[PDB]
Protein chains: 2
Amino acid sequence: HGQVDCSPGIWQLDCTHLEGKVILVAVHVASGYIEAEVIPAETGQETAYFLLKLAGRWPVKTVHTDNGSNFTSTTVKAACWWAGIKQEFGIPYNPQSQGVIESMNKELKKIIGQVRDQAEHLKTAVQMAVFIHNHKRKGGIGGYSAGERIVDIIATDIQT
Amino acid sequence: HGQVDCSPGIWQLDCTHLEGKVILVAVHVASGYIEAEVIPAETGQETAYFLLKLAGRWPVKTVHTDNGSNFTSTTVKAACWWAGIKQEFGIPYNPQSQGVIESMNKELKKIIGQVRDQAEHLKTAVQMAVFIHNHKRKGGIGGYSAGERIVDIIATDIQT
């Protein structure tokens with residue numbers, strides 16, 4: 001659209017679960033474009049590889065989550081480090097403002113039940129799942145897809 | 001820049017090697033932005049997961065490579081399939097045109113020797129490696145980075 005949902009370099013990272021294997025959802029808060037790897041293990045070791053990877057691919061000013069324990073490993077601390085990531089959030093006592101946010105952890109988890117049959121494994125499945133999401137365009141005088149907006153924002157050399 | 005190097009949805013995918021482990025380089029021919037996973041195994045199974053994944057993330061009209069054997073597995077054939085990927089290339093008998101292309105498989109392989117010490121493993125290393133590349137800006141009246149151009153192209157809703 002333009003002057004978007006939130007800040008250009010903001011993600012929400014949340015290890016998830018399904019069929020004993022932990023799906024891992026990276027989400028572009030402002031554009032809903034998400035990325036997701038299926039780690040067999042919820043370790044700071046793994047969360048880092050992700051961020052790192054994501055950092056090399058997109059401008060990540062800061063990241064947040066629903067469970068902090070996650071961001072408390074050196075492996076991980078060291079990663080947001082060697083890459084310039086910071087955790088984000090805002091409420092401090094200040095002038096009027098407001099809000100509410102969401103979890104695509106569902107949409108994604110929804111389109112999975114669906115496609116699995118088609119999918120050979122969770123892996124192949126979460127990846128089709130997302131593929132389809134990021135691709136899914138909902139009419140809105142910008143009938144673009146999550147995938148289609150994330151670019152633009154960044155694209156326009158979005159601010160901070 | 002604008003009217004870029006090649007077509008907006010073009011990649012070059014080439015399984016690589018180093019320290020017994022096969023690095024895997026996805027490269028955005030037109031923008032040099034690259035992605036790379038470290039598969040312990042060079043199997044059509046794995047090449048697909050990659051493409052698939054990459055397809056969910058970027059508009060991939062068609063992909064090429066230096067070794068075709070690679071694109072001859074069902075697992076893989078099935079993947080360029082359920083996702084609309086096609087192999088690409090052009091020479092058929094036609095009007096004057098010309099060219100020459102490259103391999104970032106080197107730059108990447110270069111910045112790795114370097115950083116490893118810093119890196120804990122190839123993995124952590126290829127990922128820093130790339131991070132740094134995509135990030136590396138060379139003066140050019142568009143002193144932008146591989147990472148910075150790939151967006152734009154696509155961004156501008158690039159053609160085909």
Side-chain angles (χ1 to χ4, degrees), chain A residues 5-6 10-43 46-47 49-51 53-54 57-58 63-70 100-140 142-151, chain B residues 26 35 37 39 41 43-60 73-85:
Chain A
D5 155 295
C6 285
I10 311 200
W11 299 66
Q12 163 73 357
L13 162 172
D14 293 82
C15 334
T16 319
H17 287 272
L18 181 49
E19 298 190 14
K21 313 159 180 162
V22 177
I23 303 195
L24 180 43
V25 184
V27 184
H28 192 232
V29 206
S31 73
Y33 156 108
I34 51 169
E35 289 199 353
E37 193 78 61
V38 167
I39 69 182
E42 159 155 12
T43 47
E46 296 298 318
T47 268
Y49 195 79
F50 196 84
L51 291 162
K53 282 146 83 166
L54 178 105
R57 159 185 319 86
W58 316 84
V63 297
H64 191 258
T65 206
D66 281 5
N67 171 165
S69 84
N70 275 18
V100 289
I101 288 194
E102 306 133 41
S103 63
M104 270 81 168
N105 273 85
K106 196 181 188 71
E107 270 275 314
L108 193 195
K109 197 93 61 66
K110 181 280 307 170
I111 316 173
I112 300 206
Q114 323 211 320
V115 301
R116 247 201 136 303
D117 188 80
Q118 172 139 79
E120 352 294 34
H121 317 250
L122 212 326
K123 276 170 62 203
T124 307
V126 184
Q127 313 305 348
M128 304 173 78
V130 175
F131 170 99
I132 284 144
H133 166 139
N134 276 323
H135 256 226
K136 220 160 207 146
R137 279 158 62 141
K138 279 297 88 73
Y144 292 67
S145 61
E148 294 206 291
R149 280 153 331 194
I150 162 181
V151 170
Chain B
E35 289 199 353
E37 193 78 61
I39 69 182
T43 47
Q45 294 77 318
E46 296 298 318
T47 268
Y49 195 79
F50 196 84
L51 291 162
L52 197 54
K53 282 146 83 166
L54 178 105
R57 159 185 319 86
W58 316 84
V60 152
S73 110
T74 71
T75 308
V76 186
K77 280 160 194 151
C80 295
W81 174 77
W82 183 89
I85 303 186

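Chain letters run A, B, ... following the sequence lines, proteins first, then strands; residues in each count from 1.
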Which distance, rounded to the nearest 0.5 Å, do you find between the [atom1] of [X] and the [atom2] of [Y]?
X	Y	atom1	atom2	answer
A/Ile23	A/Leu122	CD1	CG	4.0 Å
A/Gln114	A/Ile132	CD	CD1	8.0 Å
A/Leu108	A/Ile34	CG	CD1	4.5 Å
B/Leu54	B/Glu37	CG	CD	11.0 Å
A/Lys109	A/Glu107	NZ	CD	12.5 Å
B/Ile85	B/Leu51	CD1	CG	5.0 Å

Are a donor atom and an acceptor atom from the side chains of A/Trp11 and A/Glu35 found within less than 3.5 Å of each other?
->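 Side chains of A/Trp11 and A/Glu35: no pair found under 3.5 Å.
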
Can you find a side-chain donor-acceptor pair between A/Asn105 and A/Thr16 that sits under 3.5 Å?
->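 Per modelled atom types, A/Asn105 and A/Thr16 side chains form a pair under 3.5 Å.
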
Main-chain N/O of [Y] paired to [X] side chain as donor or acceptor, under 3.5 Å:
X	Y	answer
A/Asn134	A/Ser145	no
A/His133	A/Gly32	yes
A/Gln127	A/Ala36	yes
A/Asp66	A/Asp14	no

How about A/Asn67: does its CG atom have over 12 heavy atoms from other parts shown lying under 6.0 Å from it?
->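 More than 12 within 6.0 Å, yes.
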
Pair A/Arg116 + A/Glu19: basic N to acidic O under 4.0 Å =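 Answer for the salt bridge query: yes.
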
Can you tell if the side chain of A/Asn70 reaches within under 4.5 Å of the side chain of A/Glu42, non-hydrogen atoms only?
->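 Yes, close enough: below the 4.5 Å cut-off.
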
